[PDB]
Amino acid sequence: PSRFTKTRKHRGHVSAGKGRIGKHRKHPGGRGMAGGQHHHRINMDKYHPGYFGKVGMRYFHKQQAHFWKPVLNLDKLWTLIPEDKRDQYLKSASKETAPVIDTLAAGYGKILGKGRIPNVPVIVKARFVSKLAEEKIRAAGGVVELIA
Amino acid sequence: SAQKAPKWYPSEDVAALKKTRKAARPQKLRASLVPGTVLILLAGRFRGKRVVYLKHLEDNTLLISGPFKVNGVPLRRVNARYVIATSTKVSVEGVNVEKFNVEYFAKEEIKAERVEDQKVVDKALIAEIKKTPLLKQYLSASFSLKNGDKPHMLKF
Amino acid sequence: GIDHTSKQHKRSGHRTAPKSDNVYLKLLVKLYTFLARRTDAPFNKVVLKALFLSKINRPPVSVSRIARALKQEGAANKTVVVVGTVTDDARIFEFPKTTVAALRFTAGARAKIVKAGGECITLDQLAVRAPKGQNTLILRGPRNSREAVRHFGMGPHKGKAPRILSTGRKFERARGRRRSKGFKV
Amino acid sequence: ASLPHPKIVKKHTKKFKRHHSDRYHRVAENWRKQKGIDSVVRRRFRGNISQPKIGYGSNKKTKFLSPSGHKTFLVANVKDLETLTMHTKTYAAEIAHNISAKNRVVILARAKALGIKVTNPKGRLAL
RNA sequence: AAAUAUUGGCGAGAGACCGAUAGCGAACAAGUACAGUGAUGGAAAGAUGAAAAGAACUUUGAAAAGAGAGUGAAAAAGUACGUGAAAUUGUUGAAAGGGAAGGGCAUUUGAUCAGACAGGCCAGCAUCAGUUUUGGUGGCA
RNA sequence: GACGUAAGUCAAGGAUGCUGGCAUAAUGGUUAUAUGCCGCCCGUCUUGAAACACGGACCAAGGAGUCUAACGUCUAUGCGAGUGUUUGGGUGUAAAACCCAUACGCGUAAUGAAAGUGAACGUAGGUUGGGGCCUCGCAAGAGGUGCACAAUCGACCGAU
RNA sequence: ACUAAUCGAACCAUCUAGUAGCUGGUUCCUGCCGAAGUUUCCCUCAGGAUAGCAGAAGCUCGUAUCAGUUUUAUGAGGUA
RNA sequence: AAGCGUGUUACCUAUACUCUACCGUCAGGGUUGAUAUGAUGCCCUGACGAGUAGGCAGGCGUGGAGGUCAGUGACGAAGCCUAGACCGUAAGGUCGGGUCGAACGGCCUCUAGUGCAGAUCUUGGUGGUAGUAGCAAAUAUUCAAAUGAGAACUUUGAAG
Ligand SMILES: [Mg+2]
Ligand SMILES: [Mg+2]
Ligand SMILES: [Mg+2]
Ligand SMILES: [Mg+2]
Ligand SMILES: [Mg+2]
Ligand SMILES: [Mg+2]
Ligand SMILES: [Mg+2]
Ligand SMILES: [Mg+2]
Ligand SMILES: [Mg+2]
Ligand SMILES: [Mg+2]
Ligand SMILES: [Mg+2]
Ligand SMILES: [Mg+2]
Ligand SMILES: [Mg+2]
Ligand SMILES: [Mg+2]
Ligand SMILES: [Mg+2]
Ligand SMILES: [Mg+2]
Ligand SMILES: [Mg+2]
Ligand SMILES: [Mg+2]
Ligand SMILES: [Mg+2]
Ligand SMILES: [Mg+2]
Ligand SMILES: [Mg+2]
Ligand SMILES: [Mg+2]
Ligand SMILES: [Mg+2]
Ligand SMILES: [Mg+2]
Ligand SMILES: [Mg+2]
Ligand SMILES: [Mg+2]
Ligand SMILES: [Mg+2]
Ligand SMILES: [Mg+2]
Ligand SMILES: [Mg+2]
Ligand SMILES: [Mg+2]
Ligand SMILES: [Mg+2]
Ligand SMILES: [Mg+2]
Ligand SMILES: [Mg+2]
Ligand SMILES: [Mg+2]
Ligand SMILES: [Mg+2]
Ligand SMILES: [Mg+2]
Ligand SMILES: [Mg+2]
Ligand SMILES: [Mg+2]
Ligand SMILES: [Mg+2]
Ligand SMILES: [Mg+2]
Ligand SMILES: [Mg+2]
Ligand SMILES: [Mg+2]
């Protein structure tokens with residue numbers, strides 16, 4: 001909606017809000033990131049430190065599918081059970097009939113330990129797990145199975 | 001429609017006036033204005049005429065009869081702010097003036113009631129005017145400002 | 001001439017009305033404008049101001065956050081008031097039976113409260129059963145957890161988050177960020 | 001007659017004509033603010049034209065009223081004229097410029113039947 | 001082979017597009033008229049009226065044409081044609097004018113103009129209220 | 001508030017009463033002129049413009065912060081630990097409207113150059129404030145609880 | 001010097017709406033607030049970034065924290 | 001002294017100060033068991049008002065789009081002219097009269113190729129200058145008749 005812009009409001013005023021001294025010009029400081037080491041150095045060091053220079057080692061032909069391992073914290077583990085069956089599993093926290101949670105199907109690689117699952121045994125299947133996450137699972141009476 | 005409508009309209013109910021604290025108290029005339037003083041008429045068809053002040057009417061006017069037999073000014077009203085009260089005096093306790101009020105001078109040739117009243121009123125007036133000399137001539141003469149007359153330092 | 005100590009014709013800087021044209025919110029403001037004026041309870045004046053707040057100034061209040069406010073001693077029977085959205089939380093497993101008054105409940109939040117025996121209430125139903133805010137509890141969400149706040153006051157040695165589109169190695173982890181490359185922040 | 005009103009005060013009856021619109025033909029009289037750096041009118045030098053200011057705004061109790069004391073309502077037809085049936089002391093009707101001559105007699109005859117003052121009753125009138 | 005592209009060609013349907021200084025350079029005998037040795041460059045230019053019904057005829061003039069008459073709803077539509085602004089111009093009328101003119105505030109004069117008797121315009125006096133100004137006189141320290 | 005024995009009255013939270021002339025160009029408006037005083041040509045750059053600085057003989061029409069990709073802050077809206085139908089498919093009154101699967105993007109985890117590892121001692125901590133609410137109080141106030149947020153000291157995760 | 005009125009590098013079309021820290025212009029009204037020509041860095045001195053000054057949006061609260069001022073007490077200074 | 005030094009009074013007058021009104025802005029408040037139906041309304045109270053660059057707000061106008069006024073119009077739309085009238089501080093809106101001949105408005109919203117005095121701006125048109133500068137190199141013309149409305153300039157004859 002061009003009727004709501006300051007351009008409509010600047011009609012009748014000589015400089016269009018750009019100043020009589022500055023005189024809005026083409027590119028007074030350069031184009032793009034011009035002079036980021038010379039005359040834009042203060043801004044760059046203040047707001048984008050680390051911009052210039054190298055760090056670390058290269059990776060020729062990096063495929064991000066190799067580094068696919070989405071993380072599921074323990075406090076969200078029970079969300080992988082459907083809402084309806086979730087309540088009937090928390091009730092009757094059994095050992096001979098404990099839910100199997102295959103977290104790979106849900107789309108996770110590793111299971112982390114943000115913690116405080118209820119004391120209900122669960123058979124948690126995953127590719128990877130942290131040390132704290134399994135010990136909280138086994139504290140509740142469950143077990144971790146490794147899958148591929 | 002050329003105009004849509006006023007979204008709501010002002011109410012045409014007229015508001016009553018607030019109670020006013022303005023009581024009508026009687027006028028206090030200037031000290032120089034006592035009945036019997038000779039007045040100079042400052043404005044009107046009788047400009048500059050010397051008249052006799054007889055009564056203060058209830059509408060804040062002065063009832064004058066600059067004796068009609070003398071200078072031809074009848075029983076009439078004048079404004080106290082359009083007269084100059086001189087120092088000359090005549091006696092008034094010989095003329096009856098209760099008959100004259102606001103309704104007397106109400107509008108609605110010359111009525112015979114007014115003509116006969118003038119004869120009664122001036123009959124006692126001219127009798128007392130003859131007492132001291134030169135009033136009749138003074139009342140017939142008309143006042144005017146001469147060259148070198150400064151009313152701010154003149155006395156009447 | 002007058003030697004002005006303060007700026008002349010300065011607006012207060014506080015919202016006197018909601019920015020929204022929500023018709024239903026405008027007559028929640030109308031109800032609580034009346035209650036604020038005709039009742040001396042400080043609760044009504046607080047609620048009226050909170051109804052003007054923008055979206056970032058009324059962050060969502062979780063049911064887990066509600067459950068924690070009800071664990072204060074003597075606060076388990078109060079009515080929780082949220083002037084904003086009440087969202088759900090799967091981290092909390094046991095939710096108490098309580099009354100919550102809010103502008104909005106998400107579908108997950110409404111189910112959790114009702115299932116635990118409580119009731120979800122609007123701010124007009126609160127006003128009819130707490131005309132002076134009897135035994136209520138005003139909860140506000142975390143205002144400074146917003147992602148835009150990470151970049152506020154960016155500068156050397158400030159520890160703030162740079163405004164950056166892509167993240168990783170080769171992206172502002174070099175000269176200025178470590179001693180081995182010039183200096184460190 | 002309309003409702004009683006305070007004596008209408010204008011505070012400025014002279015038209016606010018643009019600076020130098022009496023000097024060049026290309027400058028219309030429609031008011032424009034002088035925005036030049038050296039403009040005497042902008043700088044309010046003595047002896048120059050006045051500029052519209054909010055201080056000239058009319059009293060709210062007499063604003064929009066014509067000297068008849070009515071507010072002008074522009075009317076295109078009889079149905080529009082009816083909106084002022086209960087507002088004859090506050091609003092006077094004006095017939096729109098583009099109403100045909102035969103339609104103006106219908107409006108004028110209806111206006112008399114209800115007491116609405118018409119502010120241009122002589123327009124397009126056959127005599 | 002298809003799914004892909006398509007400011008060219010052919011045929012279609014459309015638009016919150018432009019509306020004759022716009023929209024293609026070109027709404028029209030436009031890549032025309034015209035300029036350049038040449039490569040090239042390159043316009044301006046739409047609208048009488050429903051219908052020419054495009055003014056027979058008379059008169060003045062060498063004629064162009066004018067004045068009539070007429071056609072037409074209109075000639076305040078006459079192919080110099082829809083409307084017909086401004087700059088600029090003629091006539092008439094009004095006014096002012098000792099080396100500019102034009103402007104602001106106020107009023108005189110002239111011209112012109114709107115509205116209202118079921119109170120409108122302009123005033124005078126008295127008693128008060130608010131704010132002031134200028135005198136007279138009294139009692140005290 | 002005053003005066004008055006009351007009744008009431010008053011100059012006490014803002015003007016009333018009486019009277020006259022006219023009822024139209026009379027007042028008023030507009031406009032032209034005259035008179036008194038005042039008034040240098042706009043725009044622009046500039047410390048400074050009426051400038052012996054620059055553009056402007058006049059008039060009409062045209063004539064200059066736009067659109068797009070990506071993004072910051074703020075605001076509105078929908079939903080909300082999720083969210084985004086419109087690449088596609090279905091459908092259609094056919095470039096509309098309506099409906100939808102699987103993905104994908106961003107968010108829900110950080111940190112390290114990386115291999116990697118990966119977030120509760122505790123009522124998800126202690127102290128100091130802190131609106132609101134609760135209790136006792138006519139009230140002042142005292143006590144309890146204290147969300148957001150602010151400071152600080154801790155705990156936890158990655159790196160060293 | 002001349003090379004079609006063109007010569008210290010012809011003319012024509014295109015790239016091309018070439019770039020310009022430089023010059024000119026930048027079109028309606030009213031209301032409210034309202035500056036800077038100084039700090040640091042820059043092949044920087046007719047330009048930028050930076051801090052400052054300004055507006056807007058507000059937010060948490062509700063008379064505190066305060067203050068281009070004084071007083072009392074207690075320090076510092078090396079100008080007249 | 002109508003000069004100089006000094007002293008005492010009176011007087012003059014700024015957009016300054018006091019008081020009042022009115023406009024706007026800001027702030028603090030009142031107002032719901034019909035608020036005598038409009039709560040972004042009505043109202044009470046106090047203070048304040050300079051402004052370039054610049055910011056923000058509220059409005060005015062233009063082309064076109066969705067909706068509505070079963071809106072205006074060949075009994076006259078639009079446009080144009082109008083020292084005629086009215087409303088608005090203003091941008092502007094409205095009305096009367098003249099010309100004209102076919103379409104065009106109000107309001108709620110959407111949209112933008114949306115507002116001109118300048119750019120030695122573009123195109124077009126038009127002025128003052130001004131009936132002015134000028135129409136002066138190349139020796140040179142003249143008389144009569146004819147033609148013709150009209151002959152310095154055509155034709156013929158005669159001369160030079
Ligand atoms: Mg400029
Ligand atoms: Mg006006
Ligand atoms: Mg004006
Ligand atoms: Mg200046
Ligand atoms: Mg063209
Ligand atoms: Mg034409
Ligand atoms: Mg015609
Ligand atoms: Mg015509
Ligand atoms: Mg015609
Ligand atoms: Mg024509
Ligand atoms: Mg003209
Ligand atoms: Mg003058
Ligand atoms: Mg007085
Ligand atoms: Mg006059
Ligand atoms: Mg002068
Ligand atoms: Mg200089
Ligand atoms: Mg200048
Ligand atoms: Mg020069
Ligand atoms: Mg220059
Ligand atoms: Mg020039
Ligand atoms: Mg234009
Ligand atoms: Mg660690
Ligand atoms: Mg050559
Ligand atoms: Mg170029
Ligand atoms: Mg200011
Ligand atoms: Mg260098
Ligand atoms: Mg310069
Ligand atoms: Mg500031
Ligand atoms: Mg020393
Ligand atoms: Mg020293
Ligand atoms: Mg002396
Ligand atoms: Mg101002
Ligand atoms: Mg400005
Ligand atoms: Mg119709
Ligand atoms: Mg017309
Ligand atoms: Mg004119
Ligand atoms: Mg036609
Ligand atoms: Mg444009
Ligand atoms: Mg122009
Ligand atoms: Mg300009
Ligand atoms: Mg020019
Ligand atoms: Mg000559």
Side-chain angles (χ1 to χ4, degrees), chain A residues 1-3 7 11-12 14-17 19-21 25-26 28-29 35 38-43 55-57 71 112-116 130, chain B residues 1-4 7-8 20-25 27 59-60 79 81, chain C residues 1 7-15 17 19-20 30 34 42-43 46 54 57 60 69 71-75 78 85 87 106 133 135-140 142-144 163 165 169, chain D residues 9 12-13 16 20 22-27 30-31 33 36-38 46-49 52-57 59 64 66-68 72 74 76 94 96-102 120 123:
Chain A
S2 68
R3 60 195 188 287
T7 306
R11 285 278 185 261
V14 180
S15 314
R20 302 180 175 264
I21 318 176
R25 284 281 156 82
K26 308 311 288 282
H38 303 266
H39 64 289
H40 298 132
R41 170 178 170 133
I42 295 184
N43 171 275
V55 60
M57 53 169 165
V71 293
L112 296 178
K114 195 87 163 288
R116 296 300 165 97
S130 56
Chain B
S1 78
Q3 293 187 358
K4 295 298 295 296
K7 180 67 174 66
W8 309 97
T20 315
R21 300 162 170 180
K22 299 293 164 198
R25 277 168 283 282
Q27 183 184 6
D59 70 306
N60 299 329
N79 213 305
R81 302 298 291 201
Chain C
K7 212 186 282 288
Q8 291 316 283
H9 305 132
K10 182 52 173 50
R11 279 179 308 281
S12 59
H14 311 96
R15 274 185 183 204
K19 189 79 182 184
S20 84
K30 175 164 157 176
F34 179 83
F43 167 87
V46 162
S54 75
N57 288 322
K71 281 171 85 199
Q72 307 168 11
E73 65 183 2
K78 297 179 181 248
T85 300
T87 48
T106 70
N135 64 7
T136 54
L137 201 53
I138 307 193
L139 298 189
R140 301 183 265 180
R143 206 176 268 200
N144 279 176
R163 290 200 173 131
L165 292 190
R169 183 199 86 84
Chain D
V9 174
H12 205 91
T13 72
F16 284 103
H20 277 172
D22 54 283
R23 172 188 200 94
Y24 308 104
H25 182 95
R26 65 184 179 268
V27 188
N30 308 56
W31 173 255
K33 181 102 186 194
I37 62 186
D38 290 318
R46 177 190 76 207
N48 282 275
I49 65 177
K53 309 171 97 146
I54 201 59
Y56 290 113
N59 189 348
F64 296 121
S66 291
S68 68
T72 302
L74 191 65
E94 185 150 271
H97 76 291
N98 52 352
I99 310 298
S100 89
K102 54 164 199 66
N120 56 342

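First the proteins, then the strands, lettered A, B, ... as listed; each starts at 1.
Nucleic acid contact class of A/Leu112 (heavy atoms, under 4.0 Å, all strands): base. Nucleic acid contact class of C/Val46 (heavy atoms, under 4.0 Å, all strands): sugar-phosphate only. Note on C/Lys10: only backbone sugar-phosphate atoms sit closer than 4.0 angstrom, heavy atoms only; bases stay farther off. Here B/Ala23 lies in heavy-atom contact (under 4.0 Å) with sugar-phosphate atoms only.
Straight-line distance between the P atoms of F/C45 and G/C22: roughly 14 Å, to the nearest whole Å. Look at the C1' atom in both F/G28 and H/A85: the space between them is 14 Å, to the nearest Å. Comparing the same atom, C1', in H/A112 and in F/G65 gives a spacing of 15 Å after rounding to whole Å. Between F/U35 and E/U109, the distance separating the two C1' atoms is 11 Å to the nearest Å. For the P atom pair drawn from H/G113 and E/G8, the interatomic distance equals 24 Å after rounding to whole Å. F/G132 and H/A53 have their P atoms separated by 47 Å, with the value rounded to a whole Å. Taking atom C1' in both G/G18 and H/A65, the straight-line distance is 40 Å, to the nearest Å. Using P as the reference atom, H/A103 and E/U48 are 15 Å apart when rounded to the nearest Å.
Figure legend. F/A110 is base-paired to F/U117; pairs are counted as Watson-Crick or G-U wobble with both atom distances under 3.5 Å.
Contact annotation: A/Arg41 does not reach the phosphate of G/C41 (side-chain N/O to OP1 or OP2, under 4.0 Å). Phosphate contact (OP1/OP2 of F/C149, side-chain N/O of C/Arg140, threshold under 4.0 Å): absent. Phosphate proximity of F/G80 to C/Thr85: absent, as no side-chain N or O sits under 4.0 Å from OP1 or OP2. OP1 or OP2 of F/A11 lies within a sub-4.0 Å distance of a side-chain N or O belonging to B/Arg25. Close to H/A27, at under 4.0 Å from its OP1 or OP2, lies a side-chain N or O of C/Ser12. In this structure, C/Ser54 reaches the F/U75 phosphate: one of its side-chain N or O atoms is under 4.0 Å from OP1 or OP2. Within the 4.0 Å cut-off from OP1 or OP2 of H/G73, not a single side-chain nitrogen or oxygen of D/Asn98 is found. One finds no side-chain N or O of C/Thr106 lying less than 4.0 angstrom from the OP1 or OP2 phosphate oxygen of F/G80. The side chain of D/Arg26 contributes an N or O atom lying less than 4.0 Å from OP1 or OP2 of F/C59. Close to F/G146, at under 4.0 Å from its OP1 or OP2, lies no side-chain N or O of C/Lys78. At least one side-chain nitrogen or oxygen of A/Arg25 sits closer than 4.0 Å to the OP1 or OP2 atom of G/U23. A/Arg11 has a side-chain polar atom (N or O) that falls below the 4.0 Å cut-off from OP1 or OP2 of H/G115. Phosphate proximity of H/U72 to D/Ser100: absent, as no side-chain N or O sits under 4.0 Å from OP1 or OP2. Phosphate proximity of H/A78 to D/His97: present, with a side-chain N or O under 4.0 Å from OP1 or OP2.
Nearest to the side chain of A/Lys26, among G/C33, G/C22, F/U46, sits G/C22. Nearest nucleotide to the A/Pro28 side chain, out of E/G103, E/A126, G/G47: G/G47. Distances were taken from every side-chain heavy atom of C/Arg143 (C-beta onward) to each of F/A124, G/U60, E/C125; the shortest belongs to G/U60.
No Watson-Crick or G-U wobble pair links F/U85 with F/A51 when both atom distances must be under 3.5 Å. Taking 3.5 Å as the upper bound for both contacts, H/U31 pairs with H/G41 in Watson-Crick or G-U wobble fashion. Remark: H/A16 does not pair with H/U99, failing the Watson-Crick or G-U wobble criterion at under 3.5 Å for both atom pairs. Remark: E/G90 does not pair with E/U137, failing the Watson-Crick or G-U wobble criterion at under 3.5 Å for both atom pairs. G/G25 and H/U94 make neither a Watson-Crick nor a G-U wobble pair with both donor-acceptor distances under 3.5 Å.
At a cut-off of 3.5 angstrom, counting only N and O atoms as typed in the model, there is no donor on one side facing an acceptor on the other between the side-chain of D/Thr13 and the base of F/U30. Side-chain to base pairing of D/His25 with F/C58: no donor and acceptor N or O lie closer than 3.5 Å to each other. For H/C23, its base never sits under 3.5 Å from the side chain of D/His12 at any donor and acceptor pair. Contact annotation: side chain of B/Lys22 to base of E/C128, donor-acceptor pair present below 3.5 Å.
Mapping D/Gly123 and D/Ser66 onto RNA chain H via the closest heavy atom, the residue that lands nearer the 5' end is D/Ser66.
Between the CZ atom of C/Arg11 and the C1' atom of G/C33 there is a distance of 8 Å, given to the nearest Å. To the nearest angstrom, P of H/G24 lies 6 Å from CD1 of D/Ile54.
With hydrogens and angles ignored, the 3.5 Å screen pairs a side-chain donor or acceptor of C/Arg169 with a backbone N or O of A/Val55. Listed for the B/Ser1 side chain is a donor-acceptor partner under 3.5 Å among the backbone atoms of B/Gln3.
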